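Included below are structure tokens for two forms of one protein chain, each presented in isolation as structure 1 and structure 2.
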Structure 1
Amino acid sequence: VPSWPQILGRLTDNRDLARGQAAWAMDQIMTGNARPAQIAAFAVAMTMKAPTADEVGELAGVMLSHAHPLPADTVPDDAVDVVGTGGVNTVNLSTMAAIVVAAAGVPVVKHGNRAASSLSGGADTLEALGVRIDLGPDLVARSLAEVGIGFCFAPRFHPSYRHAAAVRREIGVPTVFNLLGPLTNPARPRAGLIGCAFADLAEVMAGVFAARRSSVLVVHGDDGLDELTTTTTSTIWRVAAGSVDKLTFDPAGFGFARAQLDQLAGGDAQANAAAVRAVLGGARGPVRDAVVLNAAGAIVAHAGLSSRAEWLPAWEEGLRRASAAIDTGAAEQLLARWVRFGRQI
């Protein structure tokens, strides 16, 4: 017999939930039946108990059951996502990597929205580049077919999440809800590079992806970055065929020099947009290096769907393809093509 006092009581007593309790709670939230106080109490208690992968899979699965889908046969089977869950943040890096990956010929389907103020959301940077971010499912699918990239604006695909999003804005603090973005991409891409700023939650997310039919790299810079970093090593949870392979990754093995931490963080939408134009135009430096690193990681994830190429040669190839997509102008050109698509309605 599920109820808020029961579920909240179990969480505050530091107990993992019974199977189905997280699903019940999410469905109450998603149907407009949870009070703001109940939504907040749940988010916080779940965060402080430390969610399990089973629990997170329930939350994400319920949320997806309420989302608008893309139309039948419209997402390529091998589409990928490239995104972090936030720190500071790296929307600068994930935005540029996504364009690079798509320019390398891998279909990309991203998901997000506008942030409340000045630390750019994913959507805001694209909007500052002239990309049209709020498109219906049919137009997102056209974008994928004609441009090789699409963007699913969270408020349009997840209308029933509005009660949770309001509570999240009111309380400010990061919660378990911050983890759901990468896991509730309404295009349901089966591969991805997914960054997490916290190693304990990264393992949890990897667990959720492992229970899906997915080929993903969940990544955590050992400096706290929610992307593969160039300032030090990163932890990677490699997910494929329902299993996880956790490893320490060092980009110095591919000849990347060490950068400093104040060189990579994203800023506001305009600052991100300027940085995007510089990198896609060929400006060398630590930002480009991190973009190429994370783009290659997405490409490696994508390869995991079919290739069965081994880890090291897959990396060598993802790096060569990412670098080439920039240096040959393919990424600059793809961004311009994406902007053109939007202007043509």
Structure 2
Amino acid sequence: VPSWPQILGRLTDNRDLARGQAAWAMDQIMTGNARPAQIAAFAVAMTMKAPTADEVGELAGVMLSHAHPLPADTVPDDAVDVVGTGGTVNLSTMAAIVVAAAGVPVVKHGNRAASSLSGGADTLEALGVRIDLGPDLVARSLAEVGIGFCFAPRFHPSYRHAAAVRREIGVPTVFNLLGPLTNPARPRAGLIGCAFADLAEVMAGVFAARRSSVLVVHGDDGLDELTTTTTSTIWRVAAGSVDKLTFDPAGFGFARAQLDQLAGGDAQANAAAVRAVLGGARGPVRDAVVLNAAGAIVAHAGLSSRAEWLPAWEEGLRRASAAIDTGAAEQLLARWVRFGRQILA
């Protein structure tokens, strides 16, 4: 019979949990039954033990079970997520728009900045996108615009107890991996960036168990996106298995960049950077958008077949660049904004 003493005792002893123990803990957390101290002890102990893919799957699966779903048959079978976890202008917001403009449906998931968890909501808001929508309007956005956004607090109202604890302790934990694994629209493909290099192998194992087509990505400079500044580690998930690879953007003709050139600031500065890139401005920010958009496209392609790596990337990069240069990406953002403004009437 599961208890906090028993579960925490096992973690502090540096032991993997028994099956079901992670799930039980998550259910206590999601039901308002776990005290802030119990939530905090578990979050910290799980992090220092080092979670396994099976334990993270239990946490995500229980949390998903408490989430509002999107209506049935409203998510295309081949939707993708584009996101980074924890850890500079929001490349993932721009790449998502570019990917959708290339004809791949995108469903994002997040909160406002520095909260649980993955976000990007502030930037979208700064652009005039209505972020706060229920499942029916997300599904409609997805069908009519090609992109949608799931606002975490709206879709995961039962995570409020954990969210409040994460704020009190303000240190990164296992709970930081949950955003990409609990997207309410359950896309089967994704480009997933992870700051914490070690946990990215674990995240990938969960996507493998799900039979997802995902590139989990780690900038060897510490970024949670694919980088132009140096190389990257990629976990390529498809057909139930992971294989780690080194990724070098110079091998496609990208110039090495400086971290000072991807810098960000308030929501408005970053909205200006989005508008610049979508309007065709060239530079290392664009380079970085195209690259991450290509990865997501390559992930998406992995749903249908196994195409070979370098030609998949060659096509993804071209599709991303063309989504920008035809004006399709700018025009998609404009349709997204128009869609949100039509809801009022």
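Here, a residue number simply tells you its place in the sequence of structure 1, counted from 1. If you superpose the two forms and keep the largest set of C-alpha atoms that fall within 1.5 Å, you have the rigid core.
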{"item": "Rigid-core fit between structure 1 and structure 2, the member of 76, 121, 181, 174 whose C-alpha shifts 2 angstroms or more", "value": "121"}
{"item": "Core-superposed comparison between structure 1 and structure 2, residue 137 Cα displacement 2 Å or beyond", "value": "no"}
{"item": "Core-aligned C-alpha movement of residue 266 between structure 1 and structure 2 reaching 2 Å", "value": "yes"}
{"item": "Distance moved by the residue 219 C-alpha between structure 1 and structure 2 (core-aligned, Å)", "value": "0.4"}
{"item": "Shift in Å of the residue 308 Cα between structure 1 and structure 2 [rigid core superposition]", "value": "2.8"}
